[PDB]
4 protein chains.
Amino acid sequence: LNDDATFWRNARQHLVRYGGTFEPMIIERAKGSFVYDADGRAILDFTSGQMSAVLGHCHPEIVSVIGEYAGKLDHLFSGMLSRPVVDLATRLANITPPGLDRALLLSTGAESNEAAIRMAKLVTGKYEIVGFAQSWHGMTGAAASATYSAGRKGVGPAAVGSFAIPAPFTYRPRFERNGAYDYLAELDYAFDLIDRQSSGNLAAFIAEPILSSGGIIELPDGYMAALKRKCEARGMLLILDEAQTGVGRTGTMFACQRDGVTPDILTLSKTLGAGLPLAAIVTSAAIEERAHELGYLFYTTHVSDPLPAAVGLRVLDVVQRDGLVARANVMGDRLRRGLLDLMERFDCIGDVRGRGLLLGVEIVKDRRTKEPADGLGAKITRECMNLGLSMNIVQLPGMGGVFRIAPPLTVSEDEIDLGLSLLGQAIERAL
Amino acid sequence: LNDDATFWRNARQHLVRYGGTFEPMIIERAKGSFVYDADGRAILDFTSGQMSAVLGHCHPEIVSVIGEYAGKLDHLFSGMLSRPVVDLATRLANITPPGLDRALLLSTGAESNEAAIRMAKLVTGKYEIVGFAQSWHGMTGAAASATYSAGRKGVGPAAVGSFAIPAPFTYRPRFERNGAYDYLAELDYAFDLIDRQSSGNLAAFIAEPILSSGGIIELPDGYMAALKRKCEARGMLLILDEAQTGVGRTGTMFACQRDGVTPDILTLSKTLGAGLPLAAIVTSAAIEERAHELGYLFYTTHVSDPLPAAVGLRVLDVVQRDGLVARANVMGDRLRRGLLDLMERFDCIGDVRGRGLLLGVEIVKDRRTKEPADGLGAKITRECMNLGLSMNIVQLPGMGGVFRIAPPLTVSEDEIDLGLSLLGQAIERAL
Amino acid sequence: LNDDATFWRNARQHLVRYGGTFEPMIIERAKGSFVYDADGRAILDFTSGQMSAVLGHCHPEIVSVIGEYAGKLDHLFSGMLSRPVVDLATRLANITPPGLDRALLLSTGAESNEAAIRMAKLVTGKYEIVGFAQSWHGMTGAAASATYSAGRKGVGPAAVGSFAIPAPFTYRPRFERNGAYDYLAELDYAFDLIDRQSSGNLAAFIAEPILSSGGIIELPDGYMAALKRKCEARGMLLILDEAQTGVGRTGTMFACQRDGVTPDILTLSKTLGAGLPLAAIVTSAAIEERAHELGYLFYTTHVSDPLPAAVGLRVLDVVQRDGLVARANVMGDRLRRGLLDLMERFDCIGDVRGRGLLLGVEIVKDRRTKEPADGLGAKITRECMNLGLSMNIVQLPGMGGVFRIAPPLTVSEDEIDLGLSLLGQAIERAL
Amino acid sequence: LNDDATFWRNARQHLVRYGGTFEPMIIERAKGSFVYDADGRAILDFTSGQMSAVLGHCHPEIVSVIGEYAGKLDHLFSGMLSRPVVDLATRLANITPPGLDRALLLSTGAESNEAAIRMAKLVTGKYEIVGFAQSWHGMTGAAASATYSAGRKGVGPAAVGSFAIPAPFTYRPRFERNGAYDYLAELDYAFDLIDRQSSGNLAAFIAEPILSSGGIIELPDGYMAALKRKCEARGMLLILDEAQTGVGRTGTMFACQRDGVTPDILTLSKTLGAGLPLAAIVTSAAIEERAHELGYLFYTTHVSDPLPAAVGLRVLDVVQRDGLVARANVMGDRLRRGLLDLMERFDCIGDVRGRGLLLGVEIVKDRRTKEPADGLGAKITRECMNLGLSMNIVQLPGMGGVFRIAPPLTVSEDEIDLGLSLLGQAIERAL
Ligand SMILES: Cc1ncc(COP(=O)(O)O)c(C/N=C2\CONC2=O)c1O
Ligand SMILES: Cc1ncc(COP(=O)(O)O)c(C/N=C2\CONC2=O)c1O
Ligand SMILES: Cc1ncc(COP(=O)(O)O)c(C/N=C2\CONC2=O)c1O
Ligand SMILES: Cc1ncc(COP(=O)(O)O)c(C/N=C2\CONC2=O)c1O
Ligand SMILES: [K+]
Ligand SMILES: [K+]
Ligand SMILES: [K+]
Ligand SMILES: [K+]
Ligand code: NA
Ligand code: NA
Ligand code: NA
Ligand code: NA
């Protein structure tokens, strides 16, 4: 049992608490779309862990490559190259759109965003960074400074030159023009104010294609194209953080492929390492060349380490060969329709949004007031778990609590149905 | 051969350059204290890669544990605990000095420093951070803001409230009192100026016990105790970054054990993961408790992931069982004496310093002017490599180029001698 | 003649240029509503100089008091009090609304805003300052940081924690709700974004009742009350800068009297000194008391100097006795109707706004496109001058050039008519 | 009597407290080197008020010019020139050293420093400002950011890029080289640390030739020349604030004339206006030209107002004609010798320093420990006043309380002797 009192005593005495609460169970093993507790109870992992287990837990091919390299090529001095690094950088150039040529292989999501923000700053000679008011880019300095969905209070000033604009949120619109939510006029209005505040040092805009932590908010039609133009007109780079959207989760290899808008710098992480710490930035030859001339520096302990790179290479291979990107659309369709049926059944489901296998379900009191259903969100989450379904709700100011659903791309038809099943029971048991 | 033209073509076309130059060889395998090129030539790794391969490359026990977990427990949702995390946190509490009780398990060195700086800020309600003018804490925001040995230009303002004081450097003293280098009076003088500048928001002092990037500068007798008092008197936390000194490299488990001065927050990384991305902060129960009450947040993708934690646990086990800490003293003694013999032989060796298996050799023109030997440092480094010896020189303003020597704790008597041998030839071939 | 070549040679060789251009004439004397050139030509001063000559130039009573004190009590050590200082502070308490009790007597407008911003910061323990995107508070540090109508580029970062929100501008509305310009919803939307960006250190909102430099933009009905509530709800002080609106110009002693909303800190300057350097902040007994306990400091060379204070006292006396505040309404009405007749005559006049003797006339191409009439504004200004009428146009981004009309409160019916006359000719001569 | 209870009641109810305490007397008139209370008691003004009454109080010629202009030319629109402005700018060019050509005429000391700091920033494209740790430049934003003798706590962060270095203080030396206070090596050491911290944006160094608020600390022989070289080598402008030293007080017209080191920008204020609010910056034609091309802006209400300018012109005339600069040396010599005799008499006088009529007397417990004489300083100041002598002591961290003596340049032999007399009695009455 999950109750090993020595265990919980040690957890309590020697762990730093870092946000949230610890689930009251001890996870002993993981395989495919499931995690197992100390009792042996299978818990269906509908979040792919911290949204990273793209191939589910302990994928045989992943296990193999890790082994293969653990005992062959592990970690190196950062000036030394090896085959997996060059292979992975080459693959990344080949599968991203034209205009993205060169890669930097790192360890975490925040790290990737920091390296990108640092390069933008260097290359432009400027320093002001603009993000969305509901963003999530990481916990480290610059990454945190561009993060507005949370973490801004009680920890000192933010980086000098930080600005946010409101993200286009079709569910709860707030900017109108002629009895219509004009998200493009909102965007124009947002930039006007930025322009007035700027000290004349706008360097970059950083954005997630779909704001995950912010509540599964998809940038609507024409937006990204509009945003890139605002940047271009101002001499700003556009940095696209696809930590959650990259590597096939939304139905395209990269979310940016859907709009056909290619960013100046693309950052990847979570999905790319398949549970392991691996991340990257991909930029154009022109930008890298200039950064170089200018003395760009981002030298860390694990930059270009062979083991993680070799894992990333295998992840890409499997995704391509097994057509997991298409799979994402087919399974997402099945999952989405299921959620729509629940929404038919239950009045507390106010919205079902997202794309491919990055879906959001917003819980509400009144499907008309769209009044946030406080409390409800958490009982649901609670019953889900009892029922054997791991869910994650995010609760932000002014909107209803949002369930972030993101199962492995290797998820089965059956697992999807099990999830829908459990979720339905959790809801009815909760009201 | 190392000349695979497809290889180098791809490196050139698809890699972002991040500082330094790429060594012109392709590393194919690694084992023990050696790395092997495409020709099969063994290169003796006197830097333990990027100073992380504590047990050398591809250590059998490391290989085993990694396997064991790759296929059993890999990556999890950050609210879920598992045995390796609790075991590792518990072990860390047990081997660090009294006053360090609770741990946070992360991925990189900069990340660990960021989490520590963020906690200090939260817990004090303040935000000014003081570091050494020759420090190296990482490339991310806060960590970079506290980094003065390099990286400060062309990338925008630093974090608000950043200050540096000079580090005590006995080789090139600059503060006297009665014809004597009084490093404690220097420290007093340094703080006086800080006091005058501060806005009244001093939160923490961050320091490396031995400044590695800064040139293997060991804080001298009584200093740390003196520094901790300056902090205490000001309501500041002392954060000790043992990324390079921790886990037995200096001859004690933690460098802080040598002085008997225990920091408020201790950060670890490099050595702890043995090539893999794992890092941590260890703080006192009191500080963690307050951070908690205050809402401390540092939630990342891989915080508390089982695989890396399980690796860290094994590293600690092996180090303890095989008495690698003592080994560090015995091998360091042998290595140090060798360097002193070279210094007898060659006039260009101006100083041999450091502790245990973290040694520095400062190259000079004139052992009296102590004039930096420019050029010389790099030919040497160059001949070393030809000779089959991987070395790392750091070149900072006002001092002679420094070789940073830090072989695996598993290094053999023979490997040490080989290194001394090659280094002697490299020198004579270089002048 | 205005052509003294020695004069212009010296101007050119020894004057620092500080914005704008120097009018090509030499002003020799000034009296009442007129300035006279070297030829003796009278120029009607429709801006009261730099909007400060409330009683016109060289008012006999002003001349008398200045004399009276020049030779009696001039300048003192800042710890020494005198009668004019106490009298003036007492008068200010008596004529401002209830809740404003204590005064600080300074020298310039920016200085007054700095002293107020510094007190807000002290008293709240916070530091973020919010202003309007079209504001003008001064050229010095904090005052400039809160200034968005201009001056923000090429001079380094602004003060940490500076934010702006859009000012409610009824002429060119940009925020709608149900086919209506909802300036209160705009205000709500503005604050929401602020809230998301703030580091949790909001100290004050600083505002002009009528944005003068920004284009004579009057805060519309209910706005100020709404703004004060936003502040209150956030623990922020409201600082009202009446440099241009105070001391009867708008038809009330203080513009804030019109809305019946009393600020936490009121700042005055321009009008108060009647050409001379005198300014002030007025705050509540509670706020002063706390600032005091906290060690508030704003010690300058001329704080509490008797001469300027004695001038300020006389200005208040004359304004009260001669009923210049009412006069402002009667003359403003006459002036306003005149401008409306011109607007009937000329299509280029798009708007006539403002209050009392602080009026604005916005020049446009098309009274429907409301397209800014570039060029036109400046010819007009140019012909005015030839014609003997001193005008001031302000040209800001996205709106038509604005003439800022603000004659002395002592202006005569005849002078008003002369002004209207000349202005009409200037216009027809200009198109 | 000074006891008018209505008076003190109003002071208490309606004055904002701004530092220090109000002297318990009501000053009714002032003339020459004296101020008179409500009882008619003459108080000898040994500080020239707030160190501004260069010609003493209510100087007949000053009274005349003020009158002359009050009723002739008072205040103007800032784009309009007049004779006094051009005359004063021309005179300033003529009496300052070669290399200072163009002037900007403002209102206060802080304002002048702000305009200078803003121009340096513009012209260099940079923003970091370096000052002395014991400086005093004013209460407004930038000026306050460069002020380290006080005011830095409880009011939020300082301007981004603020640094201080220690000022050379021969009385209490703290940097040695070979048993000698090497203030030049101290300077070298100071800059080294700056260099390491800078983000590569050093714009200017701002300094007082003699730190007045800091304790009458005269920059010693060769220092300024050394400082200017440090600046030059770094592409930094040197701004010299002669608010207290300018216009003959030290025995030369400008203190900078003594060392023969001409600054890039010179700022003046206090003395220049002779009690009235007038200040200025003087820079080179080259710097003004560039600032101009770059769009320099510093447009205020009273910039270039004729009245104050006309006063400044007269002050310069009188100083020149009556040879007040030489007078400063002769009277300063007499005053200095007197203080040295007191120091012979009393053990509590530890040092007598300064130059011309800007003298400092440091009070100590032990003329050997040089232990600050707390309490003593204030009784003395207290008895002085009873005795009829207005003195000002400044008390800073680590040094003994300092009396700042600075009588009018028009002071008589007799007044000097009276002062010495009273001061001697005050001392003996105090111990
Ligand atoms: C003392 C110290 N702290 C923190 C770090 C940052 O660790 P990272 O996040 O890069 O993994 C480094 C890295 N030391 C490096 C990094 O590159 N070269 C060095 O000598 C370090 O030496
Ligand atoms: C869009 C996005 N970018 C960057 C990151 C940072 O990656 P890290 O450095 O933490 O590995 C996150 C993390 N997303 C998280 C982190 O915790 N919960 C989330 O939903 C993210 O969602
Ligand atoms: C060197 C110096 N510069 C600038 C200023 C600022 O002038 P303000 O704007 O205050 O007119 C001061 C004021 N010195 C003061 C101010 O109060 N007490 C002093 O000893 C000063 O001593
Ligand atoms: C609303 C407002 N506040 C403060 C100030 C600053 O006063 P200063 O320190 O310049 O005496 C100004 C100056 N208004 C100006 C200054 O120049 N042109 C204007 O229309 C102002 O309009
Ligand atoms: K590496
Ligand atoms: K995790
Ligand atoms: K005063
Ligand atoms: K003016
Ligand atoms: Na590509
Ligand atoms: Na411990
Ligand atoms: Na009142
Ligand atoms: Na000159």
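Both ligands and their constituent atoms are indexed starting at 1 by order of listing. Values reported hereafter were calculated over all heavy atoms of this structure, with side chains retained and with hydrogens, waters and symmetry mates removed. Letters go in sequence order (proteins before strands), and every chain restarts at 1.
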Checklist entry - Using a distance-only test with no angle check, is there a side-chain donor-acceptor pair under 3.5 angstrom linking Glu114(A) and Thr140(A)? => result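 Side chains of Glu114(A) and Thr140(A): pair found under 3.5 Å.
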
Item to check | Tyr18(D) side chain to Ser78(C) side chain, donor-acceptor N/O pair below 3.5 angstrom | outcome: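 No, because no side-chain N or O of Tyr18(D) sits under 3.5 Å from a partner of the opposite role on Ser78(C).
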
Item to check | Main-chain N/O of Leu76(A) paired with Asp305(A) side-chain donor or acceptor, under 3.5 Å | outcome: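 Yes.
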
Taking backbone and side chain together, does [X] place any N/O/S atom at a distance below 3.0 Å from the Na ion (ligand 10)?
X: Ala93(B); answer: yes
X: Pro98(B); answer: no
X: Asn94(B); answer: no

Item to check | For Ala110(B), atoms of ligand 1 separated by under 4.0 Å from a heavy atom | outcome: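 Atoms satisfying the 4.0 Å criterion: 6 (C), 7 (O), 8 (P), 9 (O).
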
Item to check | Best match, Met51(B), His137(B), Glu114(B), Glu111(A): closest heavy atom to atom 6 (C) of ligand 1 | outcome: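 The residue whose heavy atom sits nearest atom 6 (C) of ligand 1 is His137(B).
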
Checklist entry - Any idea which of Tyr18(B), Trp136(B), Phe298(A) brings a heavy atom closest to atom 16 (C) of ligand 1? => result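 When every heavy atom of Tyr18(B), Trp136(B), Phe298(A) is considered, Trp136(B) comes closest to atom 16 (C) of ligand 1.
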
Next on the checklist: Taking backbone and side chain together, does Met80(C) place any N/O/S atom at a distance below 3.4 Å from the K ion (ligand 7)?
Outcome noted: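 No, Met80(C) does not qualify, because none of its backbone or side-chain N, O or S atoms lies under 3.4 Å.
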
Next on the checklist: Just checking: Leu76(C), one of its N/O/S atoms, less than 3.4 Å away from the K ion (ligand 7), yes or no?
Outcome noted: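 Of the N, O and S atoms in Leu76(C), at least one lies under 3.4 Å from the K ion (ligand 7), which means yes.
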
Item to check | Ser213(B) near ligand 1 by a heavy-atom separation under 4.0 Å | outcome: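 In this structure, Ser213(B) qualifies as a contact of ligand 1 - some heavy atom is under 4.0 Å.
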
Next on the checklist: Is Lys270(B) close enough to touch ligand 1? Criterion: a residue heavy atom under 4.0 Å from a ligand atom.
Outcome noted: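 Contact check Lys270(B) vs ligand 1: positive.
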
Next on the checklist: Checking the N or O distance criterion of under 3.5 Å, is ligand 1 in contact with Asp241(B)?
Outcome noted: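 There is such a contact, yes.
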
Checklist entry - Under 3.5 Å, N or O to N or O, is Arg404(B) touching ligand 1 that way? => result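 Yes; the residue has a nitrogen or oxygen that sits under 3.5 Å from a nitrogen or oxygen of the ligand.
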
Item to check | Shortest protein contact, atom 18 (N) of ligand 1 (heavy atom only) | outcome: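 Closest protein heavy atom to atom 18 (N) of ligand 1: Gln50(B) OE1, 3.4 Å.
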
